[PDB]
Structure formats: C-alpha cells, structure tokens
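Contents: one structure, followed by commentary.
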Amino acid sequence: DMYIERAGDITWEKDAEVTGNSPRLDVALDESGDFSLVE
Amino acid sequence: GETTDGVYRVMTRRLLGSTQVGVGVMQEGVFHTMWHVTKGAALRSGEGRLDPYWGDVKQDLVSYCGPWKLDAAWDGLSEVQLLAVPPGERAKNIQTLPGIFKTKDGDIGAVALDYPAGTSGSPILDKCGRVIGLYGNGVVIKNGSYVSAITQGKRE
Ligand SMILES: CN(C[C@H]1CCOC1)c1ncncc1Cl
C-alpha cells in the first residue's frame with residue numbers, strides 16, 4: 001500500500017537557484033508512454 | 001485524510017524501510033501524479049483512501065478523487081520553476097528556461113534538470129504559481145543527462 005505525505009505549498013520562489021540549459025530535441029512518443037530520441 | 005492543496009510525497013512500505021516512489025499535486029480535491037509512480041493503484045492519506053478516477057499510460061498521467069484539474073500551459077518564452085521534492089530531502093524550487101521536445105504531433109516544453117527517479121510527479125510552475133505540468137517522463141541524451149517533458153493533462 002502507497003500513501004501520501006504533505007511536502008509543501010506550490011508557490012513561485014523569487015531568488016531560487018537558476019540552473020539547467022534549454023535543449024531542442026527531436027523526440028518520438030510510443031504507445032507505452034516512453035519518449036525516445038529521433039535521429 | 002489530508003485534502004489541503006499543495007505538493008505531496010508518494011511513499012510505499014512494501015519495500016525496505018519507507019521509500020519515496022514519486023510526488024503529486026493536490027488541487028481542488030483532486031490528487032495528480034504520473035502513471036509510472038502508482039501504476040493506477042489506490043492511495044492512502046492517513047485513514048482516508050484515494051481511488052483513481054482517470055488515467056492514461058501514454059500521457060503517463062493519473063488523477064485521484066476527480067477529473068484532471070491542472071490546465072495552465074507553458075507560454076513558450078519565460079523561465080519556469082521545478083518545485084522538486086527529492087527522496088528524503090526538503091522541497092526546493094529550481095528556476096530554468098525550458099527547451100523543446102519537437103514531436104510528429106507538435107512541440108512540448110522540456111526541463112533539463114536531473115533528479116532521482118522518486119522525484120517523478122514534481123510540479124513545474126509559471127510566475128503565477130500555476131502548475132503547467134509534471135516532471136518525470138522524458139529521455140536521456142548523448143552525454144547521459146536527463147531531460148523531462150513538461151507533461152500536462154487536459155481539464156474537461
Ligand atoms: C533517473 N530517472 C530516469 C529513469 C527512467 C528510466 O530509467 C531511469 C528519472 N526518472 C524520473 N524522474 C527523474 C529522473 Cl532523472
């Protein structure tokens with residue numbers, strides 16, 4: 001059996017750590033919900 | 001049980017100790033998570049029970065207690081926040097500019113942030129605090145890094 005525990009509010013945090021890049025990827029989505037890269 | 005709006009951890013005691021298998025959003029009395037987190041199983045919230053209402057393996061989404069409520073969309077231009085809830089760690093907001101998943105059926109936003117598998121279901125928000133989608137279904141690119149889609153459902 002699975003259970004849920006509150007972890008916090010959903011709010012935008014000003015001065016949050018800004019990281020990560022913005023890649024443009026050609027992808028395919030299968031019937032099982034799995035994404036894959038197209039080349 | 002607890003019905004307050006917000007982000008929640010999805011735990012299980014079926015494995016060693018108490019293990020976090022994912023995360024979800026409680027909004028308007030409806031719990032939202034990714035399908036691969038729960039496999040559509042019932043959830044417990046204290047003494048209460050949450051039953052699946054809608055779900056789709058291909059979209060990789062599931063709602064409990066009612067229909068999917070989250071309908072905000074990424075504007076395609078602005079930075080967003082991943083409200084990451086990692087296993088055994090406090091919830092933290094990470095700001096990023098999303099990339100794009102170019103598919104045969106249209107483009108989807110994508111956040112290039114790598115977190116443990118138990119972080120799946122963590123909401124991605126816009127500047128207004130609105131949930132524009134959930135983190136946890138994506139791909140692994142050339143260098144080994146993870147890129148999640150900004151996965152959003154449809155509000156009927
Ligand atoms: C560690 N992974 C990839 C899984 C998926 C199948 O192979 C390993 C994540 N899964 C969900 N949310 C974030 C991450 Cl990074």
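Residues in the structure tokens are numbered from 1 in each chain, the chains being A, B, ... in the order shown, and ligands are numbered from 1 in the order shown.
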
Distance filter 12 Å around ligand 1, atoms: only C-alpha atoms and all ligand atoms, out as a PyMOL selection string: (chain A and resi 33-36) or (chain B and resi 20-23+34-37+60+82+84-87+111-123+134-141+144-151)

Who sits within 6 Å of residue 99 in chain B, only C-alpha atoms, same chain under 5 positions skipped, as a ChimeraX atom specification: /A:22-24 /B:109-110

Take the residues just selected and output them with N, CA, C and O atoms as a PDB file, in the first residue's frame.
```pdb
ATOM      1  N   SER A  22      18.513  24.697 -22.215  1.00  0.00           N
ATOM      2  CA  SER A  22      17.235  24.588 -22.959  1.00  0.00           C
ATOM      3  C   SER A  22      17.442  23.833 -24.295  1.00  0.00           C
ATOM      4  O   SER A  22      17.507  24.448 -25.363  1.00  0.00           O
ATOM      5  N   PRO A  23      17.587  22.501 -24.253  1.00  0.00           N
ATOM      6  CA  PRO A  23      17.883  21.771 -25.495  1.00  0.00           C
ATOM      7  C   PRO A  23      16.677  21.569 -26.406  1.00  0.00           C
ATOM      8  O   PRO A  23      15.556  21.409 -25.928  1.00  0.00           O
ATOM      9  N   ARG A  24      16.901  21.586 -27.717  1.00  0.00           N
ATOM     10  CA  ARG A  24      15.827  21.336 -28.683  1.00  0.00           C
ATOM     11  C   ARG A  24      16.043  19.945 -29.244  1.00  0.00           C
ATOM     12  O   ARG A  24      17.025  19.692 -29.957  1.00  0.00           O
TER      13      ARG A  24
ATOM     14  N   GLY B 109       7.150  21.541 -24.090  1.00  0.00           N
ATOM     15  CA  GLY B 109       8.213  22.101 -23.266  1.00  0.00           C
ATOM     16  C   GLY B 109       9.005  20.988 -22.603  1.00  0.00           C
ATOM     17  O   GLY B 109       8.493  19.878 -22.434  1.00  0.00           O
ATOM     18  N   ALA B 110      10.265  21.241 -22.283  1.00  0.00           N
ATOM     19  CA  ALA B 110      11.121  20.242 -21.666  1.00  0.00           C
ATOM     20  C   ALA B 110      12.116  20.882 -20.688  1.00  0.00           C
ATOM     21  O   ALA B 110      12.789  21.836 -21.038  1.00  0.00           O
TER      22      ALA B 110
END
```

Go through chain A and collect every residue that DSSP, computed from the backbone, puts in strand (DSSP E or B); the answer should be as a ChimeraX atom specification. /A:2-8,17-18,24-29,35-37

Write the residues of the preceding selection, restricted to N, CA and C atoms, as a compact mmCIF listing (two decimals), in the first residue's frame.
```txt
# COMPACT_ATOMS: atom_id res chain seq x y z
N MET A 2 0.45 2.21 -0.90
CA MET A 2 1.06 3.52 -1.07
C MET A 2 0.32 4.59 -0.29
N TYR A 3 1.06 5.60 0.19
CA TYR A 3 0.46 6.69 0.97
C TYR A 3 1.06 8.04 0.63
N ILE A 4 0.32 9.12 0.92
CA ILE A 4 0.81 10.47 0.62
C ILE A 4 1.10 11.29 1.90
N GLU A 5 2.14 12.11 1.86
CA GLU A 5 2.56 12.97 2.97
C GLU A 5 2.76 14.36 2.41
N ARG A 6 2.17 15.41 3.04
CA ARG A 6 2.35 16.77 2.53
C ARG A 6 3.82 17.18 2.54
N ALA A 7 4.31 17.78 1.44
CA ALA A 7 5.69 18.26 1.33
C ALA A 7 5.81 19.79 1.21
N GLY A 8 4.71 20.50 1.01
CA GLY A 8 4.73 21.95 0.96
C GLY A 8 3.72 22.59 0.04
N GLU A 17 17.45 29.05 -7.06
CA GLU A 17 18.69 28.70 -7.77
C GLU A 17 18.35 28.52 -9.27
N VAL A 18 18.92 29.35 -10.13
CA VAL A 18 18.65 29.32 -11.58
C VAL A 18 19.68 28.44 -12.28
N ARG A 24 16.90 21.59 -27.72
CA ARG A 24 15.83 21.34 -28.68
C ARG A 24 16.04 19.94 -29.24
N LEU A 25 15.17 19.02 -28.84
CA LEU A 25 15.33 17.63 -29.21
C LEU A 25 14.20 17.07 -30.05
N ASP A 26 14.55 16.32 -31.10
CA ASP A 26 13.58 15.65 -31.94
C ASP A 26 13.25 14.36 -31.23
N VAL A 27 12.02 14.23 -30.69
CA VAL A 27 11.67 13.03 -29.94
C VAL A 27 10.42 12.31 -30.53
N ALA A 28 10.22 11.05 -30.12
CA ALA A 28 9.09 10.23 -30.52
C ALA A 28 8.46 9.65 -29.25
N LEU A 29 7.15 9.56 -29.23
CA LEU A 29 6.44 9.02 -28.08
C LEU A 29 5.72 7.74 -28.50
N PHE A 35 9.29 8.13 -24.12
CA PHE A 35 9.91 9.05 -25.06
C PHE A 35 11.23 8.49 -25.60
N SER A 36 11.57 8.79 -26.85
CA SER A 36 12.84 8.37 -27.43
C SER A 36 13.40 9.43 -28.38
N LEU A 37 14.72 9.48 -28.56
CA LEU A 37 15.36 10.44 -29.46
C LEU A 37 15.30 9.95 -30.90
```

Which is closest to residue 44 in chain B among B:13, B:90, B:69, B:154, if we use only C-alpha atoms?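 Checking each of B:13, B:90, B:69, B:154 against residue 44 in chain B, counting only C-alpha atoms, the winner is B:13.
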
So that I can check the surroundings of residue 127 in chain B, please list as a VMD selection string every protein, DNA and RNA residue that reaches within 9 Å of it, counting only C-alpha atoms and ignoring chain neighbours fewer than 4 positions away. (chain A and resid 11 to 13) or (chain B and resid 78 to 81)

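Proximity to residue 51 in chain B at 9 Å, evaluated using only C-alpha atoms and with sequence-adjacent residues fewer than 6 positions away removed, yields residues 40, 41, 42, 43, 44, 63, 64, 65 and 66 of chain B.
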
Gap from CA of residue 14 in chain B to CA of residue 29 in chain B - Å, one decimal: 26.5 Å

Once you count only C-alpha atoms, which residues of chain B turn out to be within 6 Å of chain A? Could you give them as a list in words?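 Close enough to count are residues 6, 7, 8, 9, 10, 11, 12, 43, 44, 45, 57, 58, 60, 93, 94, 95, 96, 97, 98, 99, 100, 101, 102, 103, 112, 113, 129, 138 and 139 of chain B.
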
Save out the residues we just selected, N, CA and C atoms, as a JSON list (two decimals), in the first residue's frame.
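What follows is the written file part-v4.json:
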```json
[["chain", "number", "residue", "atom", "x", "y", "z"],
["B", 6, "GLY", "N", -1.49, 21.60, -2.44],
["B", 6, "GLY", "CA", -0.04, 21.57, -2.27],
["B", 6, "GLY", "C", 0.60, 20.35, -2.89],
["B", 7, "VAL", "N", 1.91, 20.21, -2.71],
["B", 7, "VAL", "CA", 2.74, 19.12, -3.20],
["B", 7, "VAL", "C", 2.91, 18.07, -2.08],
["B", 8, "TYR", "N", 2.89, 16.78, -2.45],
["B", 8, "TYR", "CA", 2.94, 15.65, -1.52],
["B", 8, "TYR", "C", 3.89, 14.60, -2.03],
["B", 9, "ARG", "N", 4.47, 13.84, -1.11],
["B", 9, "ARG", "CA", 5.32, 12.71, -1.46],
["B", 9, "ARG", "C", 4.43, 11.47, -1.59],
["B", 10, "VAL", "N", 4.77, 10.58, -2.50],
["B", 10, "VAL", "CA", 4.11, 9.31, -2.68],
["B", 10, "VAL", "C", 5.08, 8.27, -2.13],
["B", 11, "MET", "N", 4.72, 7.67, -1.01],
["B", 11, "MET", "CA", 5.56, 6.70, -0.31],
["B", 11, "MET", "C", 5.03, 5.28, -0.41],
["B", 12, "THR", "N", 5.89, 4.28, -0.16],
["B", 12, "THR", "CA", 5.46, 2.89, -0.03],
["B", 12, "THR", "C", 6.23, 2.20, 1.09],
["B", 43, "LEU", "N", -4.45, 4.97, -3.21],
["B", 43, "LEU", "CA", -3.52, 5.63, -2.31],
["B", 43, "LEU", "C", -4.19, 5.84, -0.96],
["B", 44, "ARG", "N", -3.40, 5.91, 0.07],
["B", 44, "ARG", "CA", -3.86, 6.13, 1.42],
["B", 44, "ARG", "C", -3.45, 7.58, 1.84],
["B", 45, "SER", "N", -4.30, 8.27, 2.61],
["B", 45, "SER", "CA", -3.96, 9.61, 3.11],
["B", 45, "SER", "C", -4.40, 9.60, 4.55],
["B", 57, "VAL", "N", -1.80, 5.66, -19.70],
["B", 57, "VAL", "CA", -0.42, 5.18, -19.80],
["B", 57, "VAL", "C", 0.40, 5.99, -20.82],
["B", 58, "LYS", "N", -0.20, 6.38, -21.94],
["B", 58, "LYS", "CA", 0.55, 7.09, -22.99],
["B", 58, "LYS", "C", 0.92, 8.51, -22.59],
["B", 60, "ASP", "N", 1.07, 9.29, -19.51],
["B", 60, "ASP", "CA", 1.74, 8.96, -18.27],
["B", 60, "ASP", "C", 1.18, 9.83, -17.17],
["B", 93, "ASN", "N", 12.77, 24.91, -4.96],
["B", 93, "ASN", "CA", 12.37, 25.47, -6.24],
["B", 93, "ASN", "C", 13.62, 25.69, -7.08],
["B", 94, "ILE", "N", 13.63, 25.23, -8.32],
["B", 94, "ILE", "CA", 14.77, 25.41, -9.22],
["B", 94, "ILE", "C", 14.25, 26.10, -10.46],
["B", 95, "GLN", "N", 14.81, 27.27, -10.79],
["B", 95, "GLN", "CA", 14.39, 28.05, -11.95],
["B", 95, "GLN", "C", 15.18, 27.68, -13.17],
["B", 96, "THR", "N", 14.51, 27.55, -14.32],
["B", 96, "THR", "CA", 15.16, 27.15, -15.54],
["B", 96, "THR", "C", 14.40, 27.67, -16.73],
["B", 97, "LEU", "N", 15.07, 27.77, -17.89],
["B", 97, "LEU", "CA", 14.34, 28.09, -19.11],
["B", 97, "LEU", "C", 14.20, 26.77, -19.83],
["B", 98, "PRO", "N", 12.95, 26.34, -20.10],
["B", 98, "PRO", "CA", 12.78, 25.07, -20.80],
["B", 98, "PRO", "C", 13.16, 25.06, -22.29],
["B", 99, "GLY", "N", 13.60, 23.88, -22.71],
["B", 99, "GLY", "CA", 13.86, 23.55, -24.09],
["B", 99, "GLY", "C", 12.59, 23.05, -24.76],
["B", 100, "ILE", "N", 12.72, 22.32, -25.87],
["B", 100, "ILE", "CA", 11.59, 21.83, -26.65],
["B", 100, "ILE", "C", 11.73, 20.35, -27.03],
["B", 101, "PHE", "N", 10.65, 19.58, -26.91],
["B", 101, "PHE", "CA", 10.57, 18.23, -27.47],
["B", 101, "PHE", "C", 9.80, 18.44, -28.78],
["B", 102, "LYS", "N", 10.48, 18.40, -29.95],
["B", 102, "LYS", "CA", 9.82, 18.51, -31.25],
["B", 102, "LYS", "C", 9.29, 17.10, -31.60],
["B", 103, "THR", "N", 7.94, 16.86, -31.58],
["B", 103, "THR", "CA", 7.37, 15.55, -31.93],
["B", 103, "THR", "C", 6.58, 15.62, -33.27],
["B", 112, "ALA", "N", 15.55, 20.52, -18.49],
["B", 112, "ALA", "CA", 16.79, 19.77, -18.41],
["B", 112, "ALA", "C", 17.38, 19.84, -16.99],
["B", 113, "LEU", "N", 16.76, 19.11, -16.07],
["B", 113, "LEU", "CA", 17.21, 19.05, -14.69],
["B", 113, "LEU", "C", 17.21, 17.57, -14.32],
["B", 129, "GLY", "N", 2.54, 30.83, -10.03],
["B", 129, "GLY", "CA", 2.42, 29.67, -9.16],
["B", 129, "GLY", "C", 1.51, 28.57, -9.69],
["B", 138, "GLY", "N", 10.59, 11.54, -19.69],
["B", 138, "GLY", "CA", 11.42, 12.16, -20.69],
["B", 138, "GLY", "C", 12.43, 11.23, -21.29],
["B", 139, "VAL", "N", 13.64, 11.73, -21.49],
["B", 139, "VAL", "CA", 14.66, 10.99, -22.21],
["B", 139, "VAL", "C", 16.08, 11.23, -21.67]]
```

Just to confirm, what's the straight-line distance from CA of residue 1 in chain B to CA of residue 132 in chain B in Å (one decimal)?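 A separation of 26.1 Å between them.
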
Pairwise distance, CA of residue 24 in chain B with CA of residue 62 in chain B, equals 9.8 Å
